[PDB]
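Have a look at the structure below, then the notes.
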Amino acid sequence: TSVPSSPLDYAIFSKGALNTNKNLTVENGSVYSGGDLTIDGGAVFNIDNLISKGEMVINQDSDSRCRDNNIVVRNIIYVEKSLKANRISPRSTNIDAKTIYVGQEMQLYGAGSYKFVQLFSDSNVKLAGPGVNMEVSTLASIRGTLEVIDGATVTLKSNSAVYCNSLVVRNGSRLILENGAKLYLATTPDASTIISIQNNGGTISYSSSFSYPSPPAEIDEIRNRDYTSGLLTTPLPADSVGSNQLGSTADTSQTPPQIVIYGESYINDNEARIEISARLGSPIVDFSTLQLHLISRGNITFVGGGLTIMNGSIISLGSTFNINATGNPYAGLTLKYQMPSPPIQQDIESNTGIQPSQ
Ligand SMILES: [Mg+2]
């Protein structure tokens with residue numbers, strides 16, 4: 235349930251708005267955006283936390299070089315504003331999270347399986363369209379309306395507890411209660427809605443007097459933490475070797491070695507490889523050979539036609555951040571998170587000054 239305080243815990247950390255590339259695969263760590271977080275089609279994540287301090291948007295892309303979104307979050311999805319899962323047939327957006335909080339509206343249009351242990355919304359939750367299927371396994375607190383339309387379904391799993399102001403279900407949609415599930419509604423719905431509920435041994439309390447569950451502590455922690463406390467405005471380092479526009483520090487005390495690349499204005503990967511080769515004193519064709527940390531205040535671009543595989547992390551400390559693939563928008567990036575070694579942690583801390591609040 236703990237959410238990491240330091241940008242070094244993140245597979246991808248963005249100070250400002252984050253726009254991902256298509257066919258992004260992320261394994262381990264967390265992902266954070268201090269502004270709007272736009273996830274492009276074909277995201278496949280298996281991460282601990284996914285945080286946006288703005289709007290979150292999850293896109294779909296029917297190009298045959300693309301694929302479905304499959305987002306698995308072991309702890310928390312946090313969205314300060316609205317979450318919007320867009321719809322492009324015949325794609326799916328599958329999301330499986332322990333805890334999701336959305337401060338404004340949750341709008342699920344793209345088909346997919348959305349599975350939450352606990353859901354907290356400070357507004358409405360709207361599912362619209364064929365194949366849009368949500369399951370709540372334990373708890374949900376929805377301060378506005380739960381709207382389930384146009385073929386969408388919602389399943390309240392056994393012994394779950396769900397608290398909503400209002401419920402609307404119409405247009406070929408269903409709300410399913412499994413055994414012992416408890417639904418509490420502050421109001422009484424219309425006839426059509428009621429006849430769209432399939433109650434398999436649960437209980438519905440209509441126009442019920444109840445208190446909402448409040449989001450777990452972790453939520454207010456995320457809301458009140460300034461994730462870039464202490465951040466300097468010093469430009470990221472550059473050095474004369476390699477590419478004059480980039481800087482680097484290496485840790486060769488392990489094998490494979492670790493390296494941090496700094497690009498104040500941007501980083502492009504073929505230029506990063508020139509910096510890497512110069513710093514390590516050896517030829518480098520790719521990155522699977524290496525633990526790599528890329529830190530910029532501009533965009534990070536992967537220029538190959540093909541998939542880039544890396545181990546490490548990506549940190550943007552600029553106002554906004556795009557991960558771009560210009561060889562072919564579908565080239566893809568696979569990122570396996572790895573914590574930097576202590577010397578590289580210290581180097582990054584020194585050059586940026588981020589000091590998380592204790
Ligand atoms: Mg250089």
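In the deposited numbering, the protein residues as written are 235 to 592. Think of the CB as a built atom: it goes at the ideal place given N, C-alpha and C, for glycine as much as any other residue.
Asked, Found
"Strand pairing of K570, partner residues [DSSP]", "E261 and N545"
"Per-residue burial, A245 [other beta carbons within 10 Å of its own, 16 or more giving buried]", "buried"
"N399: CB within 7 Å of a non-hydrogen atom of ligand 1", "no"
"Contact test: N478 Cβ vs ligand 1 heavy atom, cutoff 7 Å", "yes"
"Ligand 1 heavy atom lying under 7 Å from the CB of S499", "no"
"Pair within 8 Å by beta-carbon distance, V402 and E381", "yes"
"Nearest candidate by alpha-carbon position, reference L466, set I453, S511, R531 and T535", "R531"
"Distance between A345 and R301 (C-alpha atoms, nearest Å)", "13 Å"
"Three or more C-beta pairs below 8 Å linking the segment 506-521 and the segment 550-560", "no"
"Residue range of the unbroken alpha helix (DSSP H) whose run includes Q492", "Counting along the chain, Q492 falls outside any alpha helix (DSSP H), though it belongs to the beta strand (DSSP E) covering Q492 to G497."
"Per-residue DSSP class, three states only, for residue 198", "Outside the displayed range of the chain (235 to 592) lies residue 198, so it cannot be described from this structure."
"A395: CB within 7 Å of a non-hydrogen atom of ligand 1", "no"
"C-alpha gap between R377 and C398, whole angstroms", "6 Å"
"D460 Cβ short of 7 Å to ligand 1 heavy atom set", "no"
"Closer than 7 Å: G481 CB and nearest ligand 1 heavy atom", "yes"
"The segment 349-366 contacting the segment 322-339, beta-carbon criterion three pairs below 8 Å", "yes"
"Terminal residues of the beta strand (DSSP E) in which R404 lies", "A395 to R404"
"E452 vs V306 beta-carbon contact at 8 Å", "no"
"Simplified DSSP state of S298, which is helix, strand or coil", "coil"
"Cβ-based burial, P324 [other Cβ within 10 Å; buried from 16]", "exposed"
"Close beta carbons around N434, own chain, < 8 Å, minus the five adjacent residues each side", "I410, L411, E412 and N413"
"Other residues of its chain near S522: CB distance less than 8 Å, five sequence neighbours each side excluded", "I543, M544 and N545"
"Helix, strand or coil at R531 according to DSSP, with G and I counted as helix", "coil"
"Neighbourhood of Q338 by C-beta, 6 Å cutoff - its chain only, sequence neighbours within 5 removed", "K315, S316 and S357"
"Where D270 sits in the DSSP three-state scheme", "coil"
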